[PDB]
>>> print(open('run.csv').read())   # CSV, C-alpha atoms
chain,number,residue,atom,x,y,z
A,1,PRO,CA,70.4,63.8,91.5
A,2,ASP,CA,72.8,61.6,93.6
A,3,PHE,CA,76.3,62.8,94.4
A,4,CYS,CA,74.5,66.1,94.9
A,5,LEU,CA,74.5,65.0,98.5
A,6,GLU,CA,78.2,65.1,98.9
A,7,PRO,CA,79.8,68.1,100.6
A,8,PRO,CA,81.9,70.5,98.4
A,9,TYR,CA,85.4,69.0,97.9
A,10,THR,CA,88.3,71.5,97.6
A,11,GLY,CA,90.9,68.9,96.9
A,12,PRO,CA,94.7,68.9,97.5
A,13,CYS,CA,95.8,71.6,95.0
A,14,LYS,CA,96.1,75.2,96.2
A,15,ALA,CA,94.7,77.4,93.5
A,16,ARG,CA,91.6,79.6,94.2
A,17,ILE,CA,89.1,78.6,91.5
A,18,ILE,CA,85.5,79.5,92.3
A,19,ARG,CA,83.0,76.8,91.6
A,20,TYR,CA,79.3,76.0,92.4
A,21,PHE,CA,78.0,73.0,94.4
A,22,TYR,CA,74.5,72.0,95.3
A,23,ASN,CA,73.6,72.5,99.0
A,24,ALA,CA,70.9,69.8,99.3
A,25,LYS,CA,70.0,70.8,102.8
A,26,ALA,CA,69.6,74.4,101.8
A,27,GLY,CA,67.9,73.7,98.5
A,28,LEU,CA,70.5,76.0,97.0
A,29,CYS,CA,73.3,76.3,94.5
A,30,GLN,CA,76.3,77.6,96.5
A,31,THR,CA,79.7,78.9,95.7
A,32,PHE,CA,82.8,77.2,97.0
A,33,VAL,CA,86.6,77.4,96.4
A,34,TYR,CA,88.0,74.6,94.3
A,35,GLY,CA,91.7,74.0,94.4
A,36,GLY,CA,92.3,72.8,90.8
A,37,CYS,CA,92.3,69.0,91.1
A,38,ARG,CA,90.6,65.8,92.1
A,39,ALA,CA,87.2,67.6,91.8
A,40,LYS,CA,84.2,65.4,92.7
A,41,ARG,CA,81.0,65.5,90.8
A,42,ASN,CA,79.2,68.1,92.9
A,43,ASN,CA,81.2,70.8,91.3
A,44,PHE,CA,80.0,73.0,88.5
A,45,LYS,CA,81.5,75.7,86.4
A,46,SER,CA,78.2,77.7,86.6
A,47,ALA,CA,75.1,78.2,88.8
A,48,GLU,CA,72.7,76.9,86.2
A,49,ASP,CA,74.9,73.9,85.2
A,50,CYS,CA,74.3,73.1,88.9
A,51,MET,CA,70.5,73.7,89.4
A,52,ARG,CA,70.0,71.9,86.1
A,53,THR,CA,71.9,68.7,87.2
A,54,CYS,CA,70.2,69.0,90.6
B,1,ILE,CA,99.4,81.8,103.6
B,2,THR,CA,98.4,80.1,106.9
B,3,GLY,CA,100.3,81.2,110.0
B,4,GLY,CA,102.6,83.7,108.3
B,5,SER,CA,103.1,87.4,108.5
B,6,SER,CA,102.8,90.5,106.2
B,7,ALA,CA,105.8,91.1,104.0
B,8,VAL,CA,107.1,94.7,103.7
B,9,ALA,CA,106.3,96.3,100.4
B,10,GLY,CA,109.0,95.4,97.9
B,11,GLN,CA,110.5,92.5,99.9
B,12,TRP,CA,109.6,89.8,97.4
B,13,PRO,CA,110.0,91.5,94.0
B,14,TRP,CA,109.6,88.2,92.1
B,15,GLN,CA,106.1,87.5,93.5
B,16,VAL,CA,103.2,88.0,91.1
B,17,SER,CA,99.5,87.7,91.3
B,18,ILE,CA,97.5,85.8,88.7
B,19,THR,CA,93.9,86.9,87.8
B,20,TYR,CA,91.4,85.1,85.7
B,21,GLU,CA,88.5,87.4,84.8
B,22,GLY,CA,89.9,89.9,87.3
B,23,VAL,CA,89.9,87.4,90.2
B,24,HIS,CA,93.1,86.3,91.9
B,25,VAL,CA,93.5,82.5,91.5
B,26,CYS,CA,97.2,81.8,91.6
B,27,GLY,CA,100.5,83.3,92.6
B,28,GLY,CA,103.5,83.2,90.3
B,29,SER,CA,107.1,83.9,90.3
B,30,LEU,CA,108.9,86.1,87.7
B,31,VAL,CA,112.0,84.6,86.2
B,32,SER,CA,113.0,87.1,83.4
B,33,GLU,CA,112.0,90.3,81.6
B,34,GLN,CA,109.0,88.6,80.1
B,35,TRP,CA,108.5,85.1,81.7
B,36,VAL,CA,106.7,83.8,84.8
B,37,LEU,CA,106.7,80.4,86.5
B,38,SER,CA,103.5,79.1,88.0
B,39,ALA,CA,101.5,75.9,88.3
B,40,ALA,CA,99.7,73.9,85.6
B,41,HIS,CA,96.5,73.4,87.6
B,42,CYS,CA,96.0,77.2,87.9
B,43,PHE,CA,95.3,77.0,84.2
B,44,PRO,CA,92.5,74.5,83.2
B,45,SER,CA,92.0,74.2,79.5
B,46,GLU,CA,88.4,75.6,79.9
B,47,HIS,CA,89.8,79.0,80.6
B,48,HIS,CA,90.7,81.6,78.0
B,49,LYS,CA,94.2,82.9,77.7
B,50,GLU,CA,92.8,86.4,76.9
B,51,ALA,CA,91.1,86.5,80.3
B,52,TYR,CA,94.4,85.8,82.2
B,53,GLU,CA,96.1,88.9,83.6
B,54,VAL,CA,99.2,89.2,85.8
B,55,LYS,CA,100.0,91.8,88.5
B,56,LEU,CA,103.6,92.6,89.5
B,57,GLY,CA,105.1,94.8,92.2
B,58,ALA,CA,101.8,94.2,93.9
B,59,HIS,CA,102.2,94.2,97.7
B,60,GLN,CA,98.6,94.8,98.9
B,61,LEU,CA,96.4,93.0,96.4
B,62,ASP,CA,93.3,95.2,97.0
B,63,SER,CA,95.1,98.6,96.8
B,64,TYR,CA,96.2,100.9,94.0
B,65,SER,CA,100.0,100.5,94.0
B,66,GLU,CA,102.0,103.2,92.2
B,67,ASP,CA,104.6,101.0,90.6
B,68,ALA,CA,102.6,97.8,90.0
B,69,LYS,CA,102.7,96.8,86.3
B,70,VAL,CA,99.9,94.7,84.9
B,71,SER,CA,100.2,92.5,81.8
B,72,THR,CA,98.2,90.2,79.6
B,73,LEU,CA,99.7,86.9,78.5
B,74,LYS,CA,101.2,86.2,75.1
B,75,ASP,CA,101.7,82.5,75.8
B,76,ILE,CA,100.9,79.8,78.4
B,77,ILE,CA,103.0,76.6,78.3
B,78,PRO,CA,102.1,74.0,80.9
B,79,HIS,CA,104.8,71.3,81.0
B,80,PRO,CA,104.2,68.5,78.4
B,81,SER,CA,104.0,66.0,81.2
B,82,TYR,CA,100.8,67.5,82.7
B,83,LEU,CA,97.7,67.0,80.6
B,84,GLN,CA,98.2,63.3,81.0
B,85,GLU,CA,99.0,63.0,84.7
B,86,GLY,CA,97.3,65.0,87.4
B,87,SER,CA,100.1,63.3,89.2
B,88,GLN,CA,103.2,65.1,88.0
B,89,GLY,CA,104.6,67.9,85.9
B,90,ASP,CA,102.6,70.6,87.8
B,91,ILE,CA,104.3,73.7,86.3
B,92,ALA,CA,103.7,76.3,83.6
B,93,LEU,CA,105.6,79.1,81.9
B,94,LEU,CA,103.7,82.3,81.3
B,95,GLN,CA,105.0,84.6,78.5
B,96,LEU,CA,104.0,88.2,79.0
B,97,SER,CA,102.7,90.2,76.1
B,98,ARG,CA,105.5,92.7,76.3
B,99,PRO,CA,108.7,92.5,78.3
B,100,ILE,CA,108.4,94.6,81.4
B,101,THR,CA,110.8,97.0,83.1
B,102,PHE,CA,112.5,96.0,86.4
B,103,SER,CA,112.2,98.3,89.4
B,104,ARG,CA,112.9,98.0,93.1
B,105,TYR,CA,109.5,96.3,93.4
B,106,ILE,CA,109.7,94.1,90.3
B,107,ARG,CA,112.6,91.7,90.0
B,108,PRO,CA,113.1,88.0,89.0
B,109,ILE,CA,114.4,85.2,91.2
B,110,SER,CA,117.2,83.0,90.0
B,111,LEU,CA,116.5,79.4,89.0
B,112,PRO,CA,118.6,76.6,90.4
B,113,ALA,CA,120.5,74.4,87.9
B,114,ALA,CA,119.3,70.9,87.2
B,115,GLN,CA,121.9,69.3,89.5
B,116,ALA,CA,121.2,71.5,92.5
B,117,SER,CA,120.3,70.1,95.9
B,118,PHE,CA,119.2,71.9,99.0
B,119,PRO,CA,119.9,70.4,102.4
B,120,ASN,CA,117.0,69.2,104.5
B,121,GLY,CA,115.7,71.5,107.3
B,122,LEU,CA,117.0,74.4,105.3
B,123,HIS,CA,114.6,77.3,106.1
B,124,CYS,CA,112.9,78.8,103.1
B,125,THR,CA,110.2,81.3,102.6
B,126,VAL,CA,106.9,80.7,100.8
B,127,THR,CA,104.8,83.8,99.9
B,128,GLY,CA,101.2,84.3,98.9
B,129,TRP,CA,97.8,85.9,99.2
B,130,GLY,CA,96.1,82.6,100.0
B,131,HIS,CA,93.6,81.8,102.7
B,132,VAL,CA,94.9,82.4,106.2
B,133,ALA,CA,93.1,79.2,107.2
B,134,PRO,CA,90.9,76.4,105.9
B,135,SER,CA,88.5,78.4,103.7
B,136,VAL,CA,89.1,81.7,105.5
B,137,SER,CA,90.1,84.6,103.3
B,138,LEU,CA,93.1,86.8,103.8
B,139,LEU,CA,91.7,90.1,105.0
B,140,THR,CA,91.7,93.2,102.8
B,141,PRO,CA,93.6,95.0,101.7
B,142,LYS,CA,95.4,91.6,101.3
B,143,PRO,CA,99.0,92.3,102.2
B,144,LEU,CA,101.4,89.7,100.7
B,145,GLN,CA,102.0,87.1,103.4
B,146,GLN,CA,105.3,85.3,104.0
B,147,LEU,CA,106.3,82.3,106.1
B,148,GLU,CA,109.6,80.5,106.9
B,149,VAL,CA,109.2,76.7,106.4
B,150,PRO,CA,111.9,74.0,106.6
B,151,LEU,CA,112.5,71.7,103.7
B,152,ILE,CA,111.6,68.1,104.2
B,153,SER,CA,113.0,65.2,102.2
B,154,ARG,CA,110.5,63.3,100.1
B,155,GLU,CA,111.1,60.0,101.9
B,156,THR,CA,110.2,61.6,105.3
B,157,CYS,CA,107.4,63.5,103.8
B,158,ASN,CA,105.9,60.3,102.5
B,159,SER,CA,106.2,58.8,106.0
B,160,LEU,CA,104.2,61.7,107.3
B,161,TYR,CA,101.5,61.5,104.7
B,162,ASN,CA,101.0,57.8,105.5
B,163,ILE,CA,99.9,58.7,109.0
B,164,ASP,CA,96.1,58.4,109.1
B,165,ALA,CA,96.2,58.1,105.3
B,166,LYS,CA,92.8,57.5,103.8
B,167,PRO,CA,93.0,54.6,101.3
B,168,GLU,CA,90.7,56.5,98.9
B,169,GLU,CA,92.7,59.8,99.1
B,170,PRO,CA,96.2,58.8,98.2
B,171,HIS,CA,98.9,61.5,98.5
B,172,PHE,CA,102.3,60.6,97.1
B,173,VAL,CA,105.3,62.9,96.8
B,174,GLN,CA,106.9,62.2,93.4
B,175,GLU,CA,110.5,62.7,92.3
B,176,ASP,CA,109.6,66.2,90.9
B,177,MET,CA,108.4,67.4,94.3
B,178,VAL,CA,109.7,68.4,97.7
B,179,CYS,CA,108.0,69.1,101.0
B,180,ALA,CA,108.3,72.1,103.3
B,181,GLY,CA,106.5,72.9,106.5
B,182,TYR,CA,106.0,71.8,110.1
B,183,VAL,CA,104.8,68.4,111.3
B,184,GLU,CA,102.6,69.9,113.9
B,185,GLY,CA,101.1,72.1,111.2
B,186,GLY,CA,99.5,75.5,111.7
B,187,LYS,CA,102.0,76.7,109.1
B,188,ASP,CA,101.7,76.0,105.5
B,189,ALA,CA,100.5,77.5,102.2
B,190,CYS,CA,96.7,77.5,101.4
B,191,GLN,CA,94.2,78.0,98.6
B,192,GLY,CA,95.3,80.8,96.3
B,193,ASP,CA,99.1,80.4,96.9
B,194,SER,CA,99.5,77.9,94.1
B,195,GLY,CA,102.3,78.9,91.7
B,196,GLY,CA,104.0,80.8,94.5
B,197,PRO,CA,107.7,80.7,95.0
B,198,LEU,CA,109.4,78.7,97.6
B,199,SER,CA,112.5,80.9,97.9
B,200,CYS,CA,115.5,79.4,99.6
B,201,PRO,CA,118.5,81.6,100.6
B,202,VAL,CA,121.9,80.1,99.7
B,203,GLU,CA,124.7,82.4,100.8
B,204,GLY,CA,122.8,85.8,100.7
B,205,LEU,CA,121.1,84.8,97.5
B,206,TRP,CA,117.6,83.7,96.7
B,207,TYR,CA,116.9,80.6,94.6
B,208,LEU,CA,113.5,79.5,93.4
B,209,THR,CA,113.5,76.1,95.0
B,210,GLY,CA,109.8,75.1,94.5
B,211,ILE,CA,106.4,76.2,93.2
B,212,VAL,CA,103.6,75.9,95.7
B,213,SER,CA,101.6,72.9,94.5
B,214,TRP,CA,99.4,70.9,96.9
B,215,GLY,CA,98.9,69.6,100.4
B,216,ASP,CA,96.3,67.7,102.4
B,217,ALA,CA,94.8,70.7,104.1
B,218,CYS,CA,96.8,73.7,105.4
B,219,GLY,CA,98.0,73.7,108.9
B,220,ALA,CA,97.3,70.0,109.1
B,221,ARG,CA,99.4,67.8,111.3
B,222,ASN,CA,101.6,65.3,109.4
B,223,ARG,CA,100.7,67.0,106.1
B,224,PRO,CA,103.3,69.6,105.2
B,225,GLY,CA,102.8,71.3,101.9
B,226,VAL,CA,104.3,69.9,98.7
B,227,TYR,CA,106.0,72.0,96.1
B,228,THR,CA,107.1,71.4,92.6
B,229,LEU,CA,110.9,71.3,92.3
B,230,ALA,CA,112.3,74.0,90.0
B,231,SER,CA,115.5,72.1,89.5
B,232,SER,CA,113.7,69.1,88.1
B,233,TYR,CA,112.6,71.3,85.3
B,234,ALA,CA,115.6,73.5,84.8
B,235,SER,CA,116.4,71.7,81.6
B,236,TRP,CA,112.9,72.4,80.2
B,237,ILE,CA,112.7,76.0,81.4
B,238,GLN,CA,116.1,76.8,79.9
B,239,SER,CA,114.6,75.7,76.6
B,240,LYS,CA,113.0,79.1,76.5
B,241,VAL,CA,115.5,81.8,77.6
>>> encode(input="run.csv", output="structure tokens")
Amino acid sequence: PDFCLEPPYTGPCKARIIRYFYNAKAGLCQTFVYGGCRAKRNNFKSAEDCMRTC
Amino acid sequence: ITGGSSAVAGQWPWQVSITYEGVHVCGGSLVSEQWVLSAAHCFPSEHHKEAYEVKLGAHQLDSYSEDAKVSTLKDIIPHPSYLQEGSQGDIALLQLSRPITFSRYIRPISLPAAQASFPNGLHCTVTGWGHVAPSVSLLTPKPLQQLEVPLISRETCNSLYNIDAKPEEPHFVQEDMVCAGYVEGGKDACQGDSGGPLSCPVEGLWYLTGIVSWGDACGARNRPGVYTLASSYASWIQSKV
């Protein structure tokens, strides 16, 4: 896994783009709002892209 | 829009909503019968043009408005400077599939010429349907929100950003940008307001001074929002009128 431990990072830009991140405490793939730039690695376009990676 | 207030219906006729797969992601500003200014990052390459729609004359985002045209997009041109930056050139032109008809509720804003400067501390209005706070949604039926914010020079704005700056999270205000907001925060644009107009009145007349772009948080102290300068791109935008 790895970076799967970082919290979701919205980043500086102010768009409302919906993305998935792994909530490692929850054991769950969760939706967050991504801003459109400087995305970290715990940030997936899809729920399964997520569970798959972690 | 964090710390604002609800606009009256029809008070910002140039404001548009941008939906990808029917979800609002960005604001935009209408500039002619068929064109819209917004922000490059509201349009990642992974998305499909066919799945972008645009709502106009839209006051309450979650309400059937009588006169609120909707259009698909014929074209999307992010500024040439963008796909190789993520640091500058954060603007795009959206060509509507068909020119639309202006009404009391749908009307473009005027662009500032390339050699146009707005005094600092000038009070301007930003407008959006963004979060009303850090990851807190605007409440249905999502009335367009507005907010007066003073313009801040980019030199002063860089002073502010350096306060408690995290070495790993650099924020710099480039030449194509401008800041607007309050240093004690609480007032600022938030997620979902990108592409939105920063409208500045100059002599009873509204100019599109900036396009809502980025900011550290929203309502953060010493972190006023940064907007893409319209004037810095007048040359380019005029290249399609």
>>> closest_residue(input="run.csv", among="B:183, B:124, B:226, B:56", to="residue 33 (chain B)", atoms="all atoms listed in the file")
B:56
>>> interface_residues(input="run.csv", of="chain B", to="chain A", cutoff="6 Å", atoms="all atoms listed in the file", output="ChimeraX atom specification")
/B:25-26,41-42,190-192,194,213-216
>>> residues_around(input="run.csv", residues="region 79-90 of chain B", least_positions_apart="3", cutoff="9 Å", atoms="all atoms listed in the file", output="MDAnalysis selection string")
(chainID A and resid 37:38) or (chainID B and resid 38:41 93 172 174:177 211 213 228 233 236)
>>> write_last_selection(input="run.csv", atoms="C-alpha atoms", output="PDB file, keeping the file's coordinate frame")
ATOM      1  CA  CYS A  37      92.300  69.000  91.100  1.00  0.00           C
ATOM      2  CA  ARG A  38      90.600  65.800  92.100  1.00  0.00           C
TER       3      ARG A  38
ATOM      4  CA  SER B  38     103.500  79.100  88.000  1.00  0.00           C
ATOM      5  CA  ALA B  39     101.500  75.900  88.300  1.00  0.00           C
ATOM      6  CA  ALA B  40      99.700  73.900  85.600  1.00  0.00           C
ATOM      7  CA  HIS B  41      96.500  73.400  87.600  1.00  0.00           C
ATOM      8  CA  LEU B  93     105.600  79.100  81.900  1.00  0.00           C
ATOM      9  CA  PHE B 172     102.300  60.600  97.100  1.00  0.00           C
ATOM     10  CA  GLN B 174     106.900  62.200  93.400  1.00  0.00           C
ATOM     11  CA  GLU B 175     110.500  62.700  92.300  1.00  0.00           C
ATOM     12  CA  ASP B 176     109.600  66.200  90.900  1.00  0.00           C
ATOM     13  CA  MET B 177     108.400  67.400  94.300  1.00  0.00           C
ATOM     14  CA  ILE B 211     106.400  76.200  93.200  1.00  0.00           C
ATOM     15  CA  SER B 213     101.600  72.900  94.500  1.00  0.00           C
ATOM     16  CA  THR B 228     107.100  71.400  92.600  1.00  0.00           C
ATOM     17  CA  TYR B 233     112.600  71.300  85.300  1.00  0.00           C
ATOM     18  CA  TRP B 236     112.900  72.400  80.200  1.00  0.00           C
TER      19      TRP B 236
END
>>> residues_around(input="run.csv", residues="residue 43 (chain A)", least_positions_apart="6", cutoff="8 Å", atoms="all atoms listed in the file", output="list in words")
residues 8, 19, 20, 21, 22 and 50 of chain A
>>> atom_distance(input="run.csv", atom1="CA of residue 178 (chain B)", atom2="CA of residue 147 (chain B)")
16.6 Å
>>> residues_around(input="run.csv", residues="region 3-14 of chain B", least_positions_apart="6", cutoff="10 Å", atoms="only C-alpha atoms", output="PyMOL selection string")
chain B and resi 28-32+36+56-60+65+102-110+125-129+131-133+142-149+185-189+196-197+199+208+218-219
>>> write_last_selection(input="run.csv", atoms="C-alpha atoms", output="mmCIF file, keeping the file's coordinate frame")
data_model
loop_
_atom_site.group_PDB
_atom_site.id
_atom_site.type_symbol
_atom_site.label_atom_id
_atom_site.label_comp_id
_atom_site.auth_asym_id
_atom_site.auth_seq_id
_atom_site.Cartn_x
_atom_site.Cartn_y
_atom_site.Cartn_z
ATOM 1 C CA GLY B 28 103.500 83.200 90.300
ATOM 2 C CA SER B 29 107.100 83.900 90.300
ATOM 3 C CA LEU B 30 108.900 86.100 87.700
ATOM 4 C CA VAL B 31 112.000 84.600 86.200
ATOM 5 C CA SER B 32 113.000 87.100 83.400
ATOM 6 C CA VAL B 36 106.700 83.800 84.800
ATOM 7 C CA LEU B 56 103.600 92.600 89.500
ATOM 8 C CA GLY B 57 105.100 94.800 92.200
ATOM 9 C CA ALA B 58 101.800 94.200 93.900
ATOM 10 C CA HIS B 59 102.200 94.200 97.700
ATOM 11 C CA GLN B 60 98.600 94.800 98.900
ATOM 12 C CA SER B 65 100.000 100.500 94.000
ATOM 13 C CA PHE B 102 112.500 96.000 86.400
ATOM 14 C CA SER B 103 112.200 98.300 89.400
ATOM 15 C CA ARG B 104 112.900 98.000 93.100
ATOM 16 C CA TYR B 105 109.500 96.300 93.400
ATOM 17 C CA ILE B 106 109.700 94.100 90.300
ATOM 18 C CA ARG B 107 112.600 91.700 90.000
ATOM 19 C CA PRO B 108 113.100 88.000 89.000
ATOM 20 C CA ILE B 109 114.400 85.200 91.200
ATOM 21 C CA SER B 110 117.200 83.000 90.000
ATOM 22 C CA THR B 125 110.200 81.300 102.600
ATOM 23 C CA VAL B 126 106.900 80.700 100.800
ATOM 24 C CA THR B 127 104.800 83.800 99.900
ATOM 25 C CA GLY B 128 101.200 84.300 98.900
ATOM 26 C CA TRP B 129 97.800 85.900 99.200
ATOM 27 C CA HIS B 131 93.600 81.800 102.700
ATOM 28 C CA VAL B 132 94.900 82.400 106.200
ATOM 29 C CA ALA B 133 93.100 79.200 107.200
ATOM 30 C CA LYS B 142 95.400 91.600 101.300
ATOM 31 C CA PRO B 143 99.000 92.300 102.200
ATOM 32 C CA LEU B 144 101.400 89.700 100.700
ATOM 33 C CA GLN B 145 102.000 87.100 103.400
ATOM 34 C CA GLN B 146 105.300 85.300 104.000
ATOM 35 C CA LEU B 147 106.300 82.300 106.100
ATOM 36 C CA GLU B 148 109.600 80.500 106.900
ATOM 37 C CA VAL B 149 109.200 76.700 106.400
ATOM 38 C CA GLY B 185 101.100 72.100 111.200
ATOM 39 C CA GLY B 186 99.500 75.500 111.700
ATOM 40 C CA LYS B 187 102.000 76.700 109.100
ATOM 41 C CA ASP B 188 101.700 76.000 105.500
ATOM 42 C CA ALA B 189 100.500 77.500 102.200
ATOM 43 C CA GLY B 196 104.000 80.800 94.500
ATOM 44 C CA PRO B 197 107.700 80.700 95.000
ATOM 45 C CA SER B 199 112.500 80.900 97.900
ATOM 46 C CA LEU B 208 113.500 79.500 93.400
ATOM 47 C CA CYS B 218 96.800 73.700 105.400
ATOM 48 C CA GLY B 219 98.000 73.700 108.900
#
>>> atom_distance(input="run.csv", atom1="CA of residue 115 (chain B)", atom2="CA of residue 227 (chain B)")
17.4 Å
>>> closest_residue(input="run.csv", among="B:54, B:23, B:181, B:117", to="residue 202 (chain B)", atoms="all atoms listed in the file")
B:117
>>> atom_distance(input="run.csv", atom1="CA of residue 116 (chain B)", atom2="CA of residue 156 (chain B)")
19.6 Å
>>> residues_near_point(input="run.csv", point="(79.2, 64.8, 94.1)", cutoff="9 Å", atoms="all atoms listed in the file", output="tab-separated table (two decimals) with C-alpha atoms, in the frame of the given file")
chain	number	residue	atom	x	y	z
A	2	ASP	CA	72.80	61.60	93.60
A	3	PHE	CA	76.30	62.80	94.40
A	4	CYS	CA	74.50	66.10	94.90
A	5	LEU	CA	74.50	65.00	98.50
A	6	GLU	CA	78.20	65.10	98.90
A	7	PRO	CA	79.80	68.10	100.60
A	8	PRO	CA	81.90	70.50	98.40
A	9	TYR	CA	85.40	69.00	97.90
A	21	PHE	CA	78.00	73.00	94.40
A	22	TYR	CA	74.50	72.00	95.30
A	39	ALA	CA	87.20	67.60	91.80
A	40	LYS	CA	84.20	65.40	92.70
A	41	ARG	CA	81.00	65.50	90.80
A	42	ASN	CA	79.20	68.10	92.90
A	43	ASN	CA	81.20	70.80	91.30
>>> residues_near_point(input="run.csv", point="(89.4, 95.5, 94.4)", cutoff="10 Å", atoms="all atoms listed in the file", output="list in words")
residues 22, 23, 61, 62, 63, 64, 140, 141 and 142 of chain B
>>> build_atoms(input="run.csv", residues="region 19-35 of chain A", atoms="N, CA, C and O atoms", output="tab-separated table (two decimals), in the frame of the given file")
chain	number	residue	atom	x	y	z
A	19	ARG	N	83.86	77.72	92.26
A	19	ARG	CA	83.00	76.80	91.60
A	19	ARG	C	81.65	76.71	92.41
A	19	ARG	O	81.55	77.21	93.53
A	20	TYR	N	80.64	76.10	91.80
A	20	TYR	CA	79.30	76.00	92.40
A	20	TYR	C	79.11	74.50	92.85
A	20	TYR	O	79.50	73.58	92.16
A	21	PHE	N	78.45	74.33	93.99
A	21	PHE	CA	78.00	73.00	94.40
A	21	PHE	C	76.59	73.11	94.92
A	21	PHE	O	76.14	74.16	95.32
A	22	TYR	N	75.87	72.00	94.90
A	22	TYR	CA	74.50	72.00	95.30
A	22	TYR	C	74.48	71.75	96.83
A	22	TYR	O	75.04	70.76	97.29
A	23	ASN	N	73.84	72.65	97.56
A	23	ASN	CA	73.60	72.50	99.00
A	23	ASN	C	72.28	71.84	99.18
A	23	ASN	O	71.28	72.55	99.22
A	24	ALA	N	72.22	70.52	99.28
A	24	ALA	CA	70.90	69.80	99.30
A	24	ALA	C	70.06	70.13	100.48
A	24	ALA	O	68.83	70.08	100.40
A	25	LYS	N	70.70	70.44	101.61
A	25	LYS	CA	70.00	70.80	102.80
A	25	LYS	C	69.32	72.14	102.65
A	25	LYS	O	68.22	72.40	103.13
A	26	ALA	N	70.05	73.01	101.96
A	26	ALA	CA	69.60	74.40	101.80
A	26	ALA	C	68.68	74.55	100.61
A	26	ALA	O	67.98	75.57	100.52
A	27	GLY	N	68.65	73.56	99.72
A	27	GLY	CA	67.90	73.70	98.50
A	27	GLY	C	68.48	74.72	97.55
A	27	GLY	O	67.75	75.41	96.83
A	28	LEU	N	69.80	74.84	97.54
A	28	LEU	CA	70.50	76.00	97.00
A	28	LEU	C	71.77	75.67	96.26
A	28	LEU	O	72.50	74.76	96.68
A	29	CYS	N	72.07	76.42	95.20
A	29	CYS	CA	73.30	76.30	94.50
A	29	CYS	C	74.37	77.32	95.02
A	29	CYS	O	74.26	78.51	94.76
A	30	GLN	N	75.37	76.81	95.71
A	30	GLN	CA	76.30	77.60	96.50
A	30	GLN	C	77.69	77.68	95.90
A	30	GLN	O	78.14	76.75	95.24
A	31	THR	N	78.38	78.78	96.15
A	31	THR	CA	79.70	78.90	95.70
A	31	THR	C	80.72	78.34	96.67
A	31	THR	O	80.58	78.54	97.87
A	32	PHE	N	81.71	77.62	96.17
A	32	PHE	CA	82.80	77.20	97.00
A	32	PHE	C	84.16	77.46	96.27
A	32	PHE	O	84.19	77.84	95.10
A	33	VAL	N	85.27	77.30	96.99
A	33	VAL	CA	86.60	77.40	96.40
A	33	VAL	C	87.15	76.08	96.07
A	33	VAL	O	87.38	75.24	96.96
A	34	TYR	N	87.36	75.85	94.78
A	34	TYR	CA	88.00	74.60	94.30
A	34	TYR	C	89.49	74.89	94.11
A	34	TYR	O	89.90	75.99	93.74
A	35	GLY	N	90.30	73.87	94.37
A	35	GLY	CA	91.70	74.00	94.40
A	35	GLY	C	92.41	73.75	93.03
A	35	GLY	O	93.57	74.12	92.83
